[PDB]
Number of protein chains: 2
Amino acid sequence: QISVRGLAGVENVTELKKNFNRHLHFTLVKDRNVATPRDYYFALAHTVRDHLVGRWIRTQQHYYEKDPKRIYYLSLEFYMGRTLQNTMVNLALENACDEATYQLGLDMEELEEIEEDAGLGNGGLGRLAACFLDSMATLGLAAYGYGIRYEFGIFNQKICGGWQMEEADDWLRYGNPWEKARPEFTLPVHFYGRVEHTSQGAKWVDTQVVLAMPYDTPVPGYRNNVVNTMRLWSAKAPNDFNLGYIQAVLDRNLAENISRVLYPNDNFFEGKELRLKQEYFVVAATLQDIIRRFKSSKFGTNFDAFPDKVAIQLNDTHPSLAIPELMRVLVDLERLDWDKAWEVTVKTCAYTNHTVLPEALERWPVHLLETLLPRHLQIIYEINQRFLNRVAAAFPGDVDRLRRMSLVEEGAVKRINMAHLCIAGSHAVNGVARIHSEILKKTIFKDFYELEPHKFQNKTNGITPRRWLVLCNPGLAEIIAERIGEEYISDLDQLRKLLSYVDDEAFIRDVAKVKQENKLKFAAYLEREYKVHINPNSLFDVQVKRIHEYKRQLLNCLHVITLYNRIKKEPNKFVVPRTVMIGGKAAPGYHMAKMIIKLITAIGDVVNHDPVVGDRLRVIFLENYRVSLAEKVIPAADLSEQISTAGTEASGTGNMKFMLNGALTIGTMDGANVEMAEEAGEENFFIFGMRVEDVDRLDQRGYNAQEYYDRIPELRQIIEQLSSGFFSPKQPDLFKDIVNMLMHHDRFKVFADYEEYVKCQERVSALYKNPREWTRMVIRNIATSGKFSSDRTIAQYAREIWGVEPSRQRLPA
Amino acid sequence: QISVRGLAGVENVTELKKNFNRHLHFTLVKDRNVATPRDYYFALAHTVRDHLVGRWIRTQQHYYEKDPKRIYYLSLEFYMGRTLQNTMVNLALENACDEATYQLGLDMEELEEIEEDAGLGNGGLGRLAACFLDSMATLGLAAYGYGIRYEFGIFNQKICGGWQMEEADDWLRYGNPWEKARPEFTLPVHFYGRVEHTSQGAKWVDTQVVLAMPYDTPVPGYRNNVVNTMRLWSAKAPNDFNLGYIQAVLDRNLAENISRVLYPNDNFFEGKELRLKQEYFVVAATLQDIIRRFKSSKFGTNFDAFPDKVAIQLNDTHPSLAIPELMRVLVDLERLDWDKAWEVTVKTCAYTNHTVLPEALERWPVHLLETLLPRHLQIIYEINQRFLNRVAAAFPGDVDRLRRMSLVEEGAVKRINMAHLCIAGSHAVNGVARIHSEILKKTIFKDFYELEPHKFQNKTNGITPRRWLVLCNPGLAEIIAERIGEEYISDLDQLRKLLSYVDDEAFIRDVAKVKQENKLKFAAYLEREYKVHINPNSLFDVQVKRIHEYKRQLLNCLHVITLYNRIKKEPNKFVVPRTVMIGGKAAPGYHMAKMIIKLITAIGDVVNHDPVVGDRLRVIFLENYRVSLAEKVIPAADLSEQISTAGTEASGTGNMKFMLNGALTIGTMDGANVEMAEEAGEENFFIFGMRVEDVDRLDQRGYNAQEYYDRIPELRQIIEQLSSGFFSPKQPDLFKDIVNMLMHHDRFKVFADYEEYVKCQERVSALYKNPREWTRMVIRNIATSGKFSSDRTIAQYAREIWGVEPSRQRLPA
Ligand SMILES: C[C@H]1[C@H](C)CC[C@]2(C(=O)O)CC[C@]3(C)C(=CC[C@@H]4[C@@]5(C)C[C@@H](O)[C@H](O)[C@@](C)(CO)[C@@H]5CC[C@]43C)[C@H]12
Ligand SMILES: C[C@H]1[C@H](C)CC[C@]2(C(=O)O)CC[C@]3(C)C(=CC[C@@H]4[C@@]5(C)C[C@@H](O)[C@H](O)[C@@](C)(CO)[C@@H]5CC[C@]43C)[C@H]12
């Protein structure tokens with residue numbers, strides 16, 4: 001149908017149809033008489049997977065011959081989503097498969113809906129890992145993603161009586177056609193035991209062994225025939241495990257629980273032992289694999305060359321144990337002296353920080369590490385001692401600096417600060433947006449920055465234009481390609497060329513037409529899947545992201561109620577109709593986040609069934625927000641809500657997805673919003689609220705929520721409604737916690753941004769009344785979204801941290 | 001190479017080679033540079049599996065169109081062994097694959113050694129199930145095997161310091177290419193809950209749900225293009241399971257433990273709850289599947305026709321809950337009246353008894369069934385009440401009969417007698433050999449036989465000539481085929497024709513040549529795999545079977561020691577050299593069986609390193625006895641030890657394997673030994689010891705072991721050696737338990753058969769000195785082994801129990 005989806009040429013279509021039928025028959029053991037859409041999905045998935053393997057094998061062949069520097073991206077989360085359409089796109093197979101499936105009497109889009117999300121992440125951090133893998137393959141880097149194959153990913157969210165229910169995400173039930181089990185490359189991981197000292201140094205003995213089994217998933221580059229590997233470790237009991245007899249066999253489960261389930265916490269630390277085991281598990285298996293690969297190369301005994309052959313990137317502090325683990329292997333097993341092992345470690349490792357929120361920082365109780373990893377604690381103490389000697393020598397007499405910079409935190413319970421560990425043992429530390437990187441240098445890591453200024457960098461986050469434009473928004477990609485060609489897909493800066501079309505009447509019409517189609521499709525999705533009715537002519541006001549206080553879903557809630565109260569005051573006045581959509585998961589133990597979800601639904605219960613309101617205001621909670629739901633709602637959005645308190649959202653990536661897909665952004669000067677507004681021009685953005693400086697000023701003076709309550713009658717009315725049970729008639733005091741928090745213990749100053757936010761929202765409504773000017777502003781956003789491609793981000797990592805050159809060159813097919 | 005292995009015709013060899021390479025590349029994602037033999041095995045296994053699916057699909061198609069009566073074989077054990085060679089044989093692919101793999105530079109035999117045994121059974125009962133499935137497919141029956149897919153089968157046995165160590169049989173580690181997961185056909189199984197009574201009868205409520213997921217494995221008939229199904233159920237937690245959050249996800253393991261591990265007890269009952277859950281699990285899932293298939297047929301609401309469309313065979317009492325479960329479904333769910341449901345149940349079910357040993361009988365505590373299956377206990381009480389009313393009416397006033405026949409056993413703990421349940425609810429009850437079936441009618445089920453004589457039958461066990469001749473002994477199958485053709489493979493009675501070759505000098509030479517080759521190959525296997533040295537010219541004296549007291553491995557031990565002591569007394573006298581091989585697993589908690597294994601190795605420690613003995617006597621314990629080890633040692637055997645106390649071994653099947661493969665049999669008149677001797681003639685068998693009558697006489701008088709000790713000096717010497725630490729110098733009293741048991745509490749009267757056994761063993765040695773007469777006796781055995789084909793057994797089940805006609809007719813290819 002459309003150009004950007006590739007050629008559907010007779011020879012390919014015929015070959016695809018016959019391999020489809022081969023897989024249906026031989027692989028699935030079905031025929032057309034019994035086959036369900038699921039069977040049809042699998043036959044297609046197997047047919048497409050076949051196209052990868054040749055490229056996969058020769059890519060890995062190429063790296064063996066050329067022996068380039070290898071990039072190892074260590075993350076506990078890879079939020080991949082669906083793989084079918086992404087593979088077709090990157091392989092140029094999408095039209096051919098559409099044709100082949102059409103001719104077999106099947107709708108490919110219906111088949112795509114059957115694939116489970118690989119939901120092995122929580123949100124931003126996990127999805128960044130996924131975008132990174134795509135870009136690394138697209139840029140020809142010899143890169144590997146290493147993580148854990150969780151049996152259960154992020155929970156499926158069900159709304160019941162307005163409340164979140166969690167159910168297990170059993171994503172492997174029907175199988176995963178993309179992975180290849182590699183039991184032959186299984187590796188032992190050690191836990192517990194004790195440390196023995198000898199003439200030949202320390203020995204870690206009497207350990208419990210857990211086996212790590214790798215599963216490989218292909219990662220295709222965009223149209224370059226590069227297929228990299230994501231290797232995920234699964235936990236297996238050894239066969240002499242416990243070995244009355246029955247119980248010993250049943251207790252094998254204990255070892256295998258390590259890889260059972262993803263911890264569902266977004267930006268929040270929980271000091272649980274199982275979590276620490278997961279962290280060491282991925283680190284120990286990966287490092288052995290890295291070293292084995294280093295030794296078995298065309299180059300090489302000599303660990304001097306290690307940093308020239310290996311880069312290890314730590315996605316947050318979750319794989320921070322890679323630092324003492326690498327030291328352990330180099331010192332205890334390879335017999336290098338401390339100072340040489342340490343130079344190698346620092347030159348190999350690099351650390352990316354994702355948040356400044358104190359409750360998100362990993363600080364592990366010493367007594368946990370003592371029991372679980374006795375050798376690693378010793379190495380940590382020794383790293384600390386030598387590091388503190390460097391601080392003492394640089395800042396003599398500064399005793400408070402010493403306690404501030406220590407990796408060991410003193411208190412009732414002694415803790416290891418994992419972020420401090422990462423800084424000390426990495427040659428590079430980066431934040432994920434310019435303002436976030438500055439905040440690190442000025443506040444939380446100020447001391448470390450004064451010691452080693454050269455270590456600190458910025459790498460502003462990015463999103464992949466393949467998944468986040470071509471895949472999810474084919475209509476928009478097509479109208480862009482008509483004017484400027486296809487090269488922008490792997491060089492997103494080229495979208496600037498679209499600025500010379502901002503006054504083009506045909507393009508304006510097309511941009512606005514694609515948005516309307518997207519909105520109509522999504523409104524249909526809501527009716528068919530969730531039996532909910534929305535007006536596709538209203539402004540689609542969308543806030544989708546994890547439910548957190550700092551993300552201020554509550555600020556949005558306050559606006560929504562203001563609009564309702566204004567309508568009820570002046571019913572016969574014209575207002576721009578809105579559909580307000582809020583979506584996101586709450587961590588299971590996060591009580592406040594669960595309350596906010598209930599409020600949102602409770603608001604919808606009042607607003608959606610008020611006859612006076614009509615179709616002018618709708619409030620919808622988007623259930624089970626995840627990657628494949630994002631691919632649908634983002635192209636359909638008019639307004640992107642990015643309203644975190646200034647200085648709390650390190651970067652955001654949702655913000656970029658919306659910019660790329662033709663929504664306008666209302667937001668604070670937080671995270672990457674600042675860089676986005678800078679790229680588009682502040683006139684093309686709806687910026688409101690306190691800057692970082694204003695927050696600090698308010699903190700010094702003290703934040704008093706009562707002040708705003710007293711001076712803003714519209715705010716008072718809302719609080720009285722919440723308190724008196726207007727939104728919960730059966731349980732009048734249901735929302736006492738929310739009101740209490742807002743009035744007395746609001747860390748995120750919801751009320752302080754209320755007035756500016758509401759006023760700015762009026763300016764949004766005003767612009768929406770003039771479709772031509774709205775669309776021209778939209779075009780100005782899309783055209784300047786180029787910088788926020790993860791290809792740019794990854795090229796910066798490659799050049800400034802890893803010391804490798806990106807390549808756009810094809811491998812032979 | 002050999003005729004019986006099929007054609008290696010240019011077109012087939014070329015097609016096999018290319019599909020091998022296709023699977024290596026696309027399925028395994030390997031190439032010739034990295035591939036190991038394991039990779040080569042899998043590529044072959046996938047290539048062969050491809051040949052099944054077409055036949056598999058059209059067989060199931062055929063049954064849908066014709067709608068024949070369906071046979072359901074319910075067993076908790078299917079001891080399948082390896083599948084590759086068996087599939088090639090039954091498909092006529094063996095020479096073609098040998099050729100194709102040869103031309104790729106691979107040795108197929110080396111590749112076959114890589115396949116894990118599917119060891120989902122303990123011994124006789126489990127292996128009978130496997131032979132039955134082969135024969136049912138070979139005879140064109142619409143038959144299904146239903147069981148449990150254990151994650152861990154029978155443990156691997158390691159010998160350490162002479163002692164058995166058990167390790168987990170992780171047979172699925174590298175995957176199973178034969179099975180096809182069918183998650184779409186998952187079924188709920190209910191546990192616990194309570195019974196509620198209404199107007200519309202009883203309701204089972206508040207149950208815990210466990211999901212049963214089926215895995216299908218193809219079962220090919222011999223050269224007839226019939227491919228039946230073995231369906232094995234795997235336990236899965238439902239997704240709302242328990243649903244703090246983490247723990248709820250981890251506790252999903254509890255539900256899934258149901259299918260985790262096979263209970264390693266051969267002929268012994270253990271009243272564990274997990275075992276009862278397994279039993280109900282397979283029964284509930286299978287019955288739902290049977291009923292669903294019955295309703296969705298070309299025939300049919302009307303359960304009158306159920307017994308015309310369905311036969312359910314119960315392999316022992318392990319699936320006995322099928323009886324109250326079928327009643328439950330018919331009465332509670334389908335709303336049939338009791339009497340009609342009961343008529344349908346009895347006409348549907350049939351029961352096969354496998355042992356008379358009291359400790360093997362399943363007698364479940366009422367309090368277990370009360371908690372786990374409250375509705376089934378009620379149905380059991382009601383079945384019992386109505387059954388006891390029938391007994392009272394037939395034998396008025398006979399109050400002791402009533403208590404004897406009751407399904408409910410009274411005592412400290414009330415128990416359900418599952419065998420009694422099976423007899424009451426089945427139209428047919430059979431033993432597994434003629435003497436065993438008589439013992440049932442005369443002793444343990446005498447009361448039931450007097451009530452319903454028409455219910456009691458014999459079906460003498462059989463073994464499959466495909467696995468147990470063609471597959472494991474190609475050399476012998478070939479020399480037989482040269483004389484009489486190939487038709488005997490699916491009609492084993494034709495082996496009688498070989499009687500006219502008993503005086504043929506060429507045939508005698510060939511039979512003896514094949515045995516020598518078999519012995520040389522096995523002696524080489526022992527050196528290569530276990531670094532043990534045997535003389536291939538000695539008589540191979542072999543006892544392989546589960547380690548049990550009733551099987552009397554100890555009697556064998558006593559002979560072995562007698563031979564040693566005689567040699568040491570008269571060193572320079574000629575004796576026929578023997579290699580005595582004993583093999584078998586002991587149940588982990590069976591202390592005595594573990595002691596016997598230690599004795600056997602302890603004997604070998606003394607005998608094998610006595611220079612005076614030389615190569616005249618060797619005692620070897622065969623480690624990890626299992627199906628694939630049987631396929632190797634059985635063709636290599638000269639003497640088959642079948643020496644159970646008369647009346648204890650219900651049938652035996654090992655005995656038949658040895659007869660078919662050219663060993664002579666020394667044994668008691670026990671089980672099927674009686675029928676074997678009858679077929680060959682007693683002159684061609686080494687029969688010794690008490691008959692059943694003699695045992696009974698000895699029991700009445702009382703068995704006094706001291707009597708034999710006093711009157712047999714050779715026996716006394718052995719006991720003194722055991723007591724004084726001759727066979728355990730470091731631990732002189734190591735064998736006190738064995739001596740004590742022999743002297744004071746021997747249920748199996750080892751000493752009573754000692755003299756006759758030793759004397760008979762001398763007659764065996766005498767015959768072995770004359771190779772020509774030994775071989776002529778061998779030929780007389782092989783030629784009369786026809787009756788012991790499971791094709792015969794299965795045809796008898798089909799005609800006399802199930803009411804279906806066997807067919808040798810091909811399906812179109
Ligand atoms: C040496 C092993 C090690 C035992 C485990 C880690 C290893 C790795 O580097 O990831 C596993 C994979 C192989 C076997 C490895 C190395 C090379 C091959 C290779 C590229 C070799 C090549 O000749 C084959 O054609 C091809 C291209 C194809 O078989 C292979 C692909 C597989 C690798 C990369 C590694
Ligand atoms: C009705 C279902 C039920 C939902 C679950 C149990 C069932 C069974 O009888 O075992 C599952 C298998 C199918 C779907 C079943 C029935 C028929 C098919 C069938 C023989 C149908 C035939 O047209 C196909 O060509 C073929 C021959 C091929 O698709 C099928 C094969 C599969 C069966 C036998 C059963």
# chains A, B, ... in the order shown; residues from 1 in each chain; ligands from 1
>>> residues_around(residues="segment 338-354 of chain B", least_positions_apart="5", cutoff="8 Å", atoms="only C-alpha atoms", output="PyMOL selection string")
chain B and resi 125+303-304+306-307+310-317+323+326-327+330-331+422-432+650+801
>>> residues_near_ligand(ligand="ligand 2", cutoff="6 Å", atoms="only C-alpha atoms and all ligand atoms", output="PyMOL selection string")
(chain A and resi 30-31+33-34) or (chain B and resi 57-58+60-61+64+293+296)
>>> write_last_selection(atoms="N, CA and C atoms", output="PDB file, in the first residue's frame")
ATOM      1  N   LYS A  30      -0.666 -28.145  12.381  1.00  0.00           N
ATOM      2  CA  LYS A  30      -2.043 -27.724  12.177  1.00  0.00           C
ATOM      3  C   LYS A  30      -2.360 -27.765  10.687  1.00  0.00           C
ATOM      4  N   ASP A  31      -3.630 -27.550  10.349  1.00  0.00           N
ATOM      5  CA  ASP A  31      -4.019 -27.238   8.976  1.00  0.00           C
ATOM      6  C   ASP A  31      -5.088 -26.157   8.992  1.00  0.00           C
ATOM      7  N   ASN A  33      -8.106 -26.088   8.526  1.00  0.00           N
ATOM      8  CA  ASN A  33      -9.409 -26.447   9.105  1.00  0.00           C
ATOM      9  C   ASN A  33      -9.530 -26.185  10.600  1.00  0.00           C
ATOM     10  N   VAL A  34      -8.403 -26.216  11.307  1.00  0.00           N
ATOM     11  CA  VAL A  34      -8.413 -26.051  12.762  1.00  0.00           C
ATOM     12  C   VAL A  34      -7.681 -24.795  13.240  1.00  0.00           C
TER      13      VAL A  34
ATOM     14  N   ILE B  57      -1.316 -36.292  11.225  1.00  0.00           N
ATOM     15  CA  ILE B  57      -2.503 -35.510  10.877  1.00  0.00           C
ATOM     16  C   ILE B  57      -3.570 -36.345  10.153  1.00  0.00           C
ATOM     17  N   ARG B  58      -3.158 -37.197   9.223  1.00  0.00           N
ATOM     18  CA  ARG B  58      -4.154 -37.983   8.505  1.00  0.00           C
ATOM     19  C   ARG B  58      -4.712 -39.171   9.289  1.00  0.00           C
ATOM     20  N   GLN B  60      -5.277 -38.984  12.610  1.00  0.00           N
ATOM     21  CA  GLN B  60      -6.301 -38.284  13.400  1.00  0.00           C
ATOM     22  C   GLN B  60      -7.492 -37.826  12.544  1.00  0.00           C
ATOM     23  N   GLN B  61      -7.229 -37.481  11.285  1.00  0.00           N
ATOM     24  CA  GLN B  61      -8.287 -37.205  10.301  1.00  0.00           C
ATOM     25  C   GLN B  61      -9.170 -38.437  10.073  1.00  0.00           C
ATOM     26  N   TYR B  64     -11.514 -39.217  12.867  1.00  0.00           N
ATOM     27  CA  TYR B  64     -12.607 -38.259  12.905  1.00  0.00           C
ATOM     28  C   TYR B  64     -13.702 -38.648  11.915  1.00  0.00           C
ATOM     29  N   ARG B 293     -14.240 -34.995  23.531  1.00  0.00           N
ATOM     30  CA  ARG B 293     -14.072 -35.716  22.266  1.00  0.00           C
ATOM     31  C   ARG B 293     -15.311 -36.522  21.886  1.00  0.00           C
ATOM     32  N   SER B 296     -18.042 -34.037  20.630  1.00  0.00           N
ATOM     33  CA  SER B 296     -17.669 -33.369  19.382  1.00  0.00           C
ATOM     34  C   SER B 296     -17.359 -34.364  18.257  1.00  0.00           C
TER      35      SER B 296
END
>>> atom_distance(atom1="atom CA of residue 461 of chain A", atom2="atom CA of residue 652 of chain A")
7.8 Å
>>> closest_residue(among="A:100, A:660, A:227, A:262", to="chain B", atoms="only C-alpha atoms")
A:262
>>> select_by_dssp(residues="segment 497-635 of chain B", states="helix (DSSP H, G or I)", output="PyMOL selection string")
chain B and resi 497-501+505-530+553-569+591-607+627-633
>>> closest_residue(among="B:808, B:80, B:367, B:29", to="ligand 1", atoms="only C-alpha atoms and all ligand atoms")
B:29
>>> decode(residues="segment 187-210 of chain A", atoms="C-alpha atoms", output="short mmCIF file (atom, residue, chain, number, x, y, z; two decimals), in the first residue's frame")
data_model
loop_
_atom_site.label_atom_id
_atom_site.label_comp_id
_atom_site.auth_asym_id
_atom_site.auth_seq_id
_atom_site.Cartn_x
_atom_site.Cartn_y
_atom_site.Cartn_z
CA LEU A 187 27.68 -21.01 33.30
CA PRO A 188 27.89 -21.39 37.10
CA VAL A 189 27.05 -18.50 39.47
CA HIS A 190 28.16 -18.64 43.14
CA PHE A 191 26.39 -17.42 46.27
CA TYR A 192 27.06 -17.41 50.06
CA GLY A 193 30.12 -19.38 51.20
CA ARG A 194 33.08 -17.85 53.04
CA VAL A 195 36.45 -16.27 52.34
CA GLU A 196 39.65 -18.22 52.98
CA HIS A 197 43.08 -16.54 52.98
CA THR A 198 46.17 -18.34 51.69
CA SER A 199 49.70 -17.66 50.39
CA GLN A 200 48.11 -17.37 46.94
CA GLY A 201 45.64 -14.76 48.26
CA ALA A 202 41.90 -15.06 48.99
CA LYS A 203 39.65 -17.97 47.98
CA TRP A 204 35.84 -17.98 47.95
CA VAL A 205 34.75 -21.43 49.17
CA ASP A 206 31.68 -23.44 50.31
CA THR A 207 29.44 -21.56 47.88
CA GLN A 208 26.01 -22.49 46.62
CA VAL A 209 25.96 -22.88 42.83
CA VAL A 210 23.14 -21.63 40.63
#
